[PDB]
2 protein chains.
Amino acid sequence: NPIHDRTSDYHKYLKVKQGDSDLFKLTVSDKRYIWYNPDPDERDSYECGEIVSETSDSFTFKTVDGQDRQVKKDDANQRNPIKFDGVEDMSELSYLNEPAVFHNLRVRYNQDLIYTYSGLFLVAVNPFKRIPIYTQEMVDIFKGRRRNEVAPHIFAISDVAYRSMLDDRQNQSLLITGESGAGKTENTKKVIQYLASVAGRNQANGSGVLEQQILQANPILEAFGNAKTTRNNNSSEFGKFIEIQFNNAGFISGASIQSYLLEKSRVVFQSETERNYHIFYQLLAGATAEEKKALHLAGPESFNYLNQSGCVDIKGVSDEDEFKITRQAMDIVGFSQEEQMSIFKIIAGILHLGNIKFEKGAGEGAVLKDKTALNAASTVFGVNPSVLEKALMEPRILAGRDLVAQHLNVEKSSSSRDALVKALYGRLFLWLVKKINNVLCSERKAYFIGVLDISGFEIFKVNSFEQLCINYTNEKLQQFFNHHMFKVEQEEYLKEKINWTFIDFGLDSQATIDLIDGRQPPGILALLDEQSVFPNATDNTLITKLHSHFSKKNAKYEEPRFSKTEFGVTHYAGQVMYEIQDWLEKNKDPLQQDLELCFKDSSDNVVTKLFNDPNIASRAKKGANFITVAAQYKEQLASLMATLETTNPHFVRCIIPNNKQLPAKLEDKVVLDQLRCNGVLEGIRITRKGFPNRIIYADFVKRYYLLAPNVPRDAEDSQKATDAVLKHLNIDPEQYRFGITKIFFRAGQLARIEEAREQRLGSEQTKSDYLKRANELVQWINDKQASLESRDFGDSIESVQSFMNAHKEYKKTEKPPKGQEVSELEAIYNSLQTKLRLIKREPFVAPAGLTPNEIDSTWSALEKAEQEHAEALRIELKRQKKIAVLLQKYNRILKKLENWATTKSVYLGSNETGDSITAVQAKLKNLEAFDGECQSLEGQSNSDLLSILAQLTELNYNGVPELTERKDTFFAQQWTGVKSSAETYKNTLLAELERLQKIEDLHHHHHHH
Amino acid sequence: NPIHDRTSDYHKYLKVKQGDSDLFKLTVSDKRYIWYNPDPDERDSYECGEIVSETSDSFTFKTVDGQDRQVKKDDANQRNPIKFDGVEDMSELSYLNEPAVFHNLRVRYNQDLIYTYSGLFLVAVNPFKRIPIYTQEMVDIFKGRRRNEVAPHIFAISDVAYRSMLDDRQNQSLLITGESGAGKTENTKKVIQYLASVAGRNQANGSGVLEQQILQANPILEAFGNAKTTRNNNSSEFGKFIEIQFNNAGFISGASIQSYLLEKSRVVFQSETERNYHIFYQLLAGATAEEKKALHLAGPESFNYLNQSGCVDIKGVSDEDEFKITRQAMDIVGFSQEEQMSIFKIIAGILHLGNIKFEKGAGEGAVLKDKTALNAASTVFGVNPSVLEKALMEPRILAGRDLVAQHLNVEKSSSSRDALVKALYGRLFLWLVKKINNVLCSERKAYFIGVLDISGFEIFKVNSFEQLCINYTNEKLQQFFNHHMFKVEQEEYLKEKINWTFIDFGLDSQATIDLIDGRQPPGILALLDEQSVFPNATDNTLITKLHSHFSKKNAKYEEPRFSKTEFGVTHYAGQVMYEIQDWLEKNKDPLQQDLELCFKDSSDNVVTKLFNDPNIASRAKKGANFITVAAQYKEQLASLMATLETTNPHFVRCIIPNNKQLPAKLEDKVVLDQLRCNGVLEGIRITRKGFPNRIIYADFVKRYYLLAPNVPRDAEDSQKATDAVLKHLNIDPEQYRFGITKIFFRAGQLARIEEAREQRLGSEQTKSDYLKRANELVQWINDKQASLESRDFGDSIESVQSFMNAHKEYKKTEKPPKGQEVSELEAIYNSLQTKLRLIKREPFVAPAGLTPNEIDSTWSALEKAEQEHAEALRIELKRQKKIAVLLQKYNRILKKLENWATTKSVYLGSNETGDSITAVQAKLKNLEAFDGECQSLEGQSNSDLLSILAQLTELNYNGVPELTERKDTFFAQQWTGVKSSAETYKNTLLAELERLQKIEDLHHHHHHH
Ligand SMILES: Nc1ncnc2c1ncn2[C@@H]1O[C@H](COP(=O)(O)OP(=O)(O)O)[C@@H](O)[C@H]1O
Ligand SMILES: [Mg+2]
Ligand SMILES: [Mg+2]
């Protein structure tokens, strides 16, 4: 059950990658967008702009670029809310418009999700690269699962088809259409792969080989009906309706194949760059030396029918390999070696017949001055070259009741040949289908599931008769789908008992169908049949009859105002201009009776059977002039339609992402056009009209319960819980209906409800972010103010200035950003308060100080603290400076006395030279001039030192102590040391005067002696 | 014998479309053309023109309009004469020009002849289409044949080399070089195909196993070493040297292989349009569903290494078919099933590593959010995703002396991963190779022929290190060639005994070689090895070092003025600018050691060998250091040149016809360039120096005998005959040299001679056209004259007048033409004489009658007959109308008479009022007045007419008798009528009177009564 496991490959390749979260907080954006085209030029180009504002009935938006535009709500293409991105079914989109539909497709495509539903439709966009979603594991995941129980997938459509066959005992059909290269044939194989798998009986020697034969039939038909073209390297050049037959118990019992419009013209002509049918290249490449010589085979390089396109290989294909694969298929299906060799002989013959050169000769008739080709053809075909040569250039025409030989010229003889080839090829292809059916088809069958694999409407620059046939066929399928849609859609409205009925519908295709295949009056196909049987008549006598029958007489017809070879009918997908050129002959598909007679006698089993069995060599039977081509097709389609009408249909629409076969390249012009012609968009325009969104009450409540007062997500009465929400959101009661199991919504209503939920959660996310930002801001202010209220500033002149320098910094750098925030939060606050006003919710009541008013006051306070901090600094610089002048003075005074305490230390400590009372004592008159100055130099200095100290003290200068000490230490030291020194100078210089008074009088005692 | 049978395949596919008459019938034109540049713009584009008239200094030629340009005879490029077109060997051309060499190559390529010789070279142009020349029948044609015995072919070179081996007991080598997609690999396959046919042990017990393997090794290497590029869908991204080993007897006994410069960068990156190596695509496409969910495989575009170019497929190739072929081939060679899954797991891992997405981490380093890839990679590789995650993002460096892990920024995280991938790829390839060599190689080999499949000189927009390795290699090889060419050239002159000395021309091949691999002084590689091991050395540091070592010094080196990151070296093929970016990293080729450890401990058998076996994981350790990539290469090239110099070599040059991989489009610009670089044009420049053209004597005479008087096609003495032709044509004996077996000529000489053969044949033809036109002319002139001289111009005016108008027409229609012819045959005769003088032979002398001078006279005579003719006509019309007037006069006369007689015949037939003798005899007088005039008319008239008859007889009017009779009748018819008739009237009047006067007489008797 990998269905439930985000890691399984089923989730990896078939489910939209989610962020694995169910709760909330997943939506961080809730804006409303609108899809618009910048330049009204490119209608398919789209941009989405944010809805700026809206009026009573008209939005106004901001183009992704700049300028604003306005549109009336009526034409507005609103973008669906993000939850709708990637929905598995377009029907789940609330806003149902073209760019919306395309957007969802893009979203899924960029994730490699290629299958998506759209109502009854399974849309499948070609990925142009292999994606691993077709493994056996994937197959097993889809068994018995229901359409809405698993992701979109070709396998899901197949299983539902199968279960319905069983559970309803009714036939089913898978109608797969779309452009060339869109992926029809690949999905068609997948459908059959799935069926062979879940309903094929195992072994038992012969019961399980059947499943092998069915699957192997396609390889065969593909080789002969497929070719490389500018649009597809493996283009299908024929319609195909496979029918898988089942028995009562539900097991595969057989299958039959139906072929349509095989483009035979490709066998003789290829547009540059294309290739002929695959077998041609497969044979010339895979053949063996014997086979090559026996068939006179050469190389592509040497065959007209194979060497005019300048292309003989295909990207990634080995024609050698293919041949073997094709041979193997024929083996399993039961083709005998005889038959195969006969088949490859015809392919060989056709090649040679194209190498027959018809030159002009004497008589301006037609000659064949060479036989190589002719002989080679004849040899493999099994017919004498003489008759063939005759039947080619001189066919025997019947003039009355007697036949006489004619002589075609060159170009008329060439065509005759071209027609034998086209005839030979068409009949061989039919033989194969017939042969295959003989082995696989069971005459009696309980039920069957058919798969129609054919192109949708074709509209080239030149549309011929082949084009009218296919567009006619799609007119019928489209009508068949319109009838089924309105059927299945009405049964939905009854099941749920919703009283609603359509009144629009989409103008039927009946009128156009008739303009083409009408009886009375005669349609385009009737006339062409009439105009192609009346003797002398050409293309120009045909269109003329058409103009006169329809121009200005039928609304679906048109006679071009600038051409007389074309005419146009208005099909579902738009008007197509058909070129009348060659229609008469195309509807006649002519082959010389002589050529039939010739090959009618071929010695080959298969060849002779191609010209003898009327069920293959001729059309129906009128009783004179066999049914025409157009008449034959009309009959086949009539048959196909009658079969489909006895089945329960399933529609798969294939889309090509671009015209360059590129992966990862979804182009809007290309996609949108396809969606405007395949019915997908017409389908949405129709259902959009009623109640397109249907949700099962419980699922509704599980998601929107929180929009109503007290309902639980798992409310026990879902229907009543749903009414609660609808009422509370005051939704317009006309916008919905209470179905039996689901709640119905008109277009846009669901989106509006989903927007409400986004607005809600957005409302709370904003509320949340604001609180976080409001706090982070208040906090920042509280912290800065704290810092600014401090008064440290430290203590020097450079210290305070570094703080003044910081404050200038925080005002230029930090303040501004914090200021923006204040006014930005106020903006947010008011927006939220207003948003909450609508949204029908309680007003916002913020915490203590997170109101825009309180944040304003809180900010005014920080501004007031910023100033007081500023004033505090200037005043502290004043002080700090004063302190520096007083400190300088102090230091100076001491640096003074200190120096004097050394200068005068050289005075006291420095004596004289000479003993007596002249050079000794008669000098100490200076000492009295000394201690007279060093008694004032103290009384004046210490007086200043103190006066300075008191001041510093008055400036609460915490540094006074160490000052007063350095001072006190000085005086009680250096100063006294030298102050006392003056003793050993006044006492020692009066002591040596003892020996100048005592030893002085020994020479004074001579005046007595 | 296919060789001599103008209807066999050999002659249809390998021989120019010849003829069967060596006699005289193939050279109708004798005009000498020249090769010029229509627009001086393109140097390699040419146009041929006619030679006006040379001078004893230069030429003069007419373009393809009337732009007669003149060119220095010593500069001109003459076009060889038709006989040289298609020669199997370029050296047989006389005029050796570039446009001349190209023309020959083109004449042959246009007939699908892709092989041509040029000296020792075998030139092979890619045909881009299949040509039936490689079948076993073709193979058989070459056994024991000499290069000159059969047509040019890759098979001839192969056999010659194989004979030389067995004959000389000497090893051989075939060197195949050329641009990408030139066809090097295809021809290498042929050489081997062929060697297996002539030397493979037929097919004994298990003998036909070795060769079965030697062949199977290719699919293997090509699967891992080839890829689709803009130039080749199967480009070999590596060079190789195959060695086919044979025993004593010539039996193949083994094979060895060697790879060179495998471009590892491709595994992680590819340009728009290109693909990664083939296996990546083969695996994803050919893996069985189990293998797919064992290696975690997915589609091509799901892998980064595979979805960056936009291309995932190849024309005509099926990656699943190829994968099967690769596996199948691996079995034949020996890879056990185990090994094979090991190889695919590594290929798978590399792919997975590519998806590991690194992204900006929580900080600045890198982190890995999604672990899917990483885990997948680890799973197949067999390693702990735990350590793998660390080794990639947090590698342990050895900073200091410890192991301090790191954290690389997202950018450097991816590089390391890109480094691991490349290391992983290079080692696997190198491993596959050794494994193949284990099975095929044998140390006991009697001899060997080695085939070198490698690219030629590369010169791209941006050239890097790899380009240098390749251009250096081609420097050696081109020097190896020149040594072998000099050696062989003197051999031809010595034998044959011609005294001639050539130069050695190799004086700068060493100059370029040394500038690159030089040691002292150090060459670019020496400075890169050094710089590569200098701390902090950067790319811009190496470019600067390179500049101060060679810029403005070594004449082969060059410093661009604009680019700072580029530098240029002059190679053999031209200046090559090399970008320095990344060289230091390339030469070092690092790989985080932690990433070595993580894998060293791999659980996988193969992975282990790749990281543990030093023979694979390492370049080679000198112990003290490792060998740089440059050194490693240097030694491998050395080993190769070593082997190649122990062999007799054969050189093949592949050329690509254009840059669009299309057939039938040989383009001058493209081809010439290659011829100019691969050494072919050079060789021709040198070969042009001595004596290029050398013809066998008897062969020369057999063709140019007619040039020398009386020399027979045969001659017992071919030399004397040759001389008699050279002397007679007067030729400078410095322009040739008598060899012993053949005669040698200098460039341009054999052509001049052939131009003389042309001119004689032309003369002879002119001389024939002349007579055919002269004889016809005179025979015509002669007849008009005999015509004009006739004088029978009929009889009335009309007759003569018609001849006058006929003479008028003649002079305006039939004459002018014959006039020019007269004067044009003169010019032809004059010119013819001038020419006959230069060819050196007898002057022309026309038969009696024919010749300008005699023709003039014959025409003068006609011019006279014309004038005498007109005069005769003039004088005859005079006589004719002169006769007309007389004829009129004559008739008028007879008319009067007739109409008169008729009137006087009525009168003579009635007598109604003659009743009176008076009225009657009076009426008889009127009858006498009648006989009066009737007489004077019968006389005058007959006299007039008679005078007219005499006048006519003077004009020789032969119609006289016829006129007379007419006359003599009247006067015996009508005239004698009236005359007699007159009497009837008279004989009645006479009577009615006579028989009345009788009454009147007897009645007159009334006189009495
Ligand atoms: N589902 C797919 N997965 C991979 N390739 C696809 C798928 N569908 C289509 N393609 C590609 O488109 C090509 C055309 O598809 P096809 O079915 O042939 O187109 P149609 O049938 O409409 O003409 C394929 O052959 C293939 O290359
Ligand atoms: Mg199809
Ligand atoms: Mg190659």
# chains A, B, ... in the order shown; residues from 1 in each chain; ligands from 1
call {"tool": "closest_atom_pairs", "arguments": {"of": "chain A", "to": "ligand 2", "cutoff": "6 Å", "atoms": "only C-alpha atoms and all ligand atoms", "output": "CSV"}}
result
residue,atom,partner,partner_atom_place_in_ligand_line,distance
A:184,CA,ligand 2,1 (Mg),5.4
A:185,CA,ligand 2,1 (Mg),4.4
A:235,CA,ligand 2,1 (Mg),5.2
A:236,CA,ligand 2,1 (Mg),3.9
call {"tool": "write_last_selection", "arguments": {"atoms": "C-alpha atoms", "output": "compact mmCIF listing (two decimals), in the first residue's frame"}}
result
# COMPACT_ATOMS: atom_id res chain seq x y z
CA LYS A 184 -2.08 8.58 -28.40
CA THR A 185 -0.29 5.41 -29.51
CA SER A 235 3.58 8.73 -36.64
CA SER A 236 0.45 6.61 -37.14
call {"tool": "residues_around", "arguments": {"residues": "range 460-469 of chain A", "least_positions_apart": "2", "cutoff": "6 Å", "atoms": "only C-alpha atoms", "output": "ChimeraX atom specification"}}
result
/A:471-472,578-579
call {"tool": "select_by_dssp", "arguments": {"residues": "range 51-293 of chain B", "states": "alpha helix (DSSP H)", "output": "number ranges by chain"}}
result
B: 98-109, 136-141, 154-168, 184-199, 210-225, 278-286, 289-292
call {"tool": "closest_residue", "arguments": {"among": "A:338, A:44, A:453, A:321", "to": "ligand 1", "atoms": "only C-alpha atoms and all ligand atoms"}}
result
A:453
call {"tool": "residues_around", "arguments": {"residues": "range 248-250 of chain B", "least_positions_apart": "4", "cutoff": "7 Å", "atoms": "only C-alpha atoms", "output": "PyMOL selection string"}}
result
chain B and resi 166+199+446
call {"tool": "write_last_selection", "arguments": {"atoms": "C-alpha atoms", "output": "compact mmCIF listing (two decimals), in the first residue's frame"}}
result
# COMPACT_ATOMS: atom_id res chain seq x y z
CA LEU B 166 57.27 -12.25 -43.37
CA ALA B 199 46.95 -14.38 -41.16
CA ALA B 446 57.81 -13.53 -33.61
call {"tool": "interface_residues", "arguments": {"of": "chain B", "to": "chain A", "cutoff": "12 Å", "atoms": "only C-alpha atoms", "output": "NGL selection string"}}
result
:B and (128-132 or 233 or 281-282 or 284-285 or 288-290 or 292-293 or 296-302 or 307 or 310-322 or 324-325 or 372 or 662-663)
call {"tool": "residues_around", "arguments": {"residues": "residue 174 in chain B", "least_positions_apart": "3", "cutoff": "9 Å", "atoms": "only C-alpha atoms", "output": "number ranges by chain"}}
result
B: 157-158, 161, 188, 191, 449-453, 648-652
call {"tool": "residues_near_ligand", "arguments": {"ligand": "ligand 1", "cutoff": "9 Å", "atoms": "only C-alpha atoms and all ligand atoms", "output": "ChimeraX atom specification"}}
result
/A:114,124-134,176-190,226,231-237,453-455,654-656,661
call {"tool": "residues_around", "arguments": {"residues": "range 697-707 of chain A", "least_positions_apart": "2", "cutoff": "6 Å", "atoms": "only C-alpha atoms", "output": "PyMOL selection string"}}
result
chain A and resi 711+713+718-719+742
call {"tool": "atom_distance", "arguments": {"atom1": "CA of residue 78 in chain A", "atom2": "CA of residue 47 in chain A"}}
result
11.4 Å
call {"tool": "decode", "arguments": {"residues": "range 894-917 of chain B", "atoms": "N, CA, C and O atoms", "output": "tab-separated table (two decimals), in the first residue's frame"}}
result
chain	number	residue	atom	x	y	z
B	894	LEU	N	-6.59	43.34	-134.87
B	894	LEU	CA	-7.51	42.26	-135.21
B	894	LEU	C	-8.87	42.47	-134.56
B	894	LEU	O	-9.90	42.09	-135.13
B	895	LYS	N	-8.88	43.07	-133.38
B	895	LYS	CA	-10.14	43.31	-132.69
B	895	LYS	C	-10.98	44.27	-133.55
B	895	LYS	O	-12.11	43.95	-133.91
B	896	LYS	N	-10.41	45.42	-133.88
B	896	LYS	CA	-11.12	46.39	-134.71
B	896	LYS	C	-11.71	45.72	-135.95
B	896	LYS	O	-12.92	45.79	-136.18
B	897	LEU	N	-10.86	45.05	-136.73
B	897	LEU	CA	-11.32	44.36	-137.92
B	897	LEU	C	-12.49	43.44	-137.61
B	897	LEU	O	-13.53	43.52	-138.26
B	898	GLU	N	-12.32	42.57	-136.62
B	898	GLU	CA	-13.38	41.63	-136.23
B	898	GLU	C	-14.67	42.36	-135.90
B	898	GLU	O	-15.73	42.05	-136.45
B	899	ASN	N	-14.58	43.34	-134.99
B	899	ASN	CA	-15.75	44.10	-134.56
B	899	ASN	C	-16.30	45.06	-135.60
B	899	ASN	O	-17.39	45.61	-135.43
B	900	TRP	N	-15.56	45.25	-136.68
B	900	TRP	CA	-16.01	46.12	-137.76
B	900	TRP	C	-16.76	45.22	-138.75
B	900	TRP	O	-17.92	45.49	-139.08
B	901	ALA	N	-16.10	44.16	-139.19
B	901	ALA	CA	-16.70	43.20	-140.11
B	901	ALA	C	-18.05	42.73	-139.60
B	901	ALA	O	-18.99	42.54	-140.37
B	902	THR	N	-18.15	42.53	-138.29
B	902	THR	CA	-19.39	42.08	-137.67
B	902	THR	C	-20.49	43.13	-137.78
B	902	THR	O	-21.67	42.80	-137.91
B	903	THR	N	-20.10	44.40	-137.74
B	903	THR	CA	-21.05	45.50	-137.85
B	903	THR	C	-21.50	45.69	-139.31
B	903	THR	O	-22.68	45.95	-139.58
B	904	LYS	N	-20.55	45.56	-140.23
B	904	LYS	CA	-20.84	45.69	-141.65
B	904	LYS	C	-21.33	44.37	-142.25
B	904	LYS	O	-21.29	44.18	-143.47
B	905	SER	N	-21.78	43.46	-141.39
B	905	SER	CA	-22.30	42.17	-141.83
B	905	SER	C	-23.81	42.18	-141.61
B	905	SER	O	-24.55	41.41	-142.24
B	906	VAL	N	-24.25	43.05	-140.71
B	906	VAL	CA	-25.67	43.20	-140.41
B	906	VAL	C	-26.23	44.08	-141.52
B	906	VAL	O	-27.30	43.82	-142.07
B	907	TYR	N	-25.48	45.14	-141.84
B	907	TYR	CA	-25.83	46.08	-142.89
B	907	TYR	C	-26.02	45.32	-144.20
B	907	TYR	O	-26.96	45.58	-144.95
B	908	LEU	N	-25.12	44.37	-144.46
B	908	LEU	CA	-25.18	43.56	-145.66
B	908	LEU	C	-26.10	42.35	-145.46
B	908	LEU	O	-25.72	41.21	-145.73
B	909	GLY	N	-27.30	42.62	-144.98
B	909	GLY	CA	-28.26	41.55	-144.76
B	909	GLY	C	-29.67	42.07	-144.56
B	909	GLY	O	-30.42	41.52	-143.75
B	910	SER	N	-30.03	43.12	-145.29
B	910	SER	CA	-31.37	43.72	-145.19
B	910	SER	C	-31.64	44.82	-146.21
B	910	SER	O	-30.87	45.78	-146.34
B	911	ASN	N	-32.75	44.68	-146.93
B	911	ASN	CA	-33.19	45.65	-147.93
B	911	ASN	C	-34.70	45.79	-147.75
B	911	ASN	O	-35.48	45.12	-148.42
B	912	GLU	N	-35.10	46.67	-146.83
B	912	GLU	CA	-36.52	46.88	-146.53
B	912	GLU	C	-37.20	48.10	-147.16
B	912	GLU	O	-38.43	48.16	-147.21
B	913	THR	N	-36.42	49.08	-147.64
B	913	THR	CA	-37.00	50.27	-148.25
B	913	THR	C	-36.31	50.64	-149.57
B	913	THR	O	-36.00	51.81	-149.84
B	914	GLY	N	-36.06	49.63	-150.40
B	914	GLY	CA	-35.44	49.84	-151.69
B	914	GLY	C	-36.47	49.61	-152.78
B	914	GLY	O	-36.22	48.88	-153.75
B	915	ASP	N	-37.64	50.23	-152.62
B	915	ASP	CA	-38.74	50.09	-153.58
B	915	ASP	C	-38.92	51.36	-154.43
B	915	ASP	O	-39.89	52.11	-154.26
B	916	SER	N	-37.98	51.58	-155.34
B	916	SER	CA	-37.98	52.73	-156.23
B	916	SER	C	-36.66	52.74	-156.99
B	916	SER	O	-35.60	52.62	-156.40
B	917	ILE	N	-36.73	52.86	-158.31
B	917	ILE	CA	-35.52	52.89	-159.12
B	917	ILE	C	-34.57	53.99	-158.65
B	917	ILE	O	-33.37	53.92	-158.88
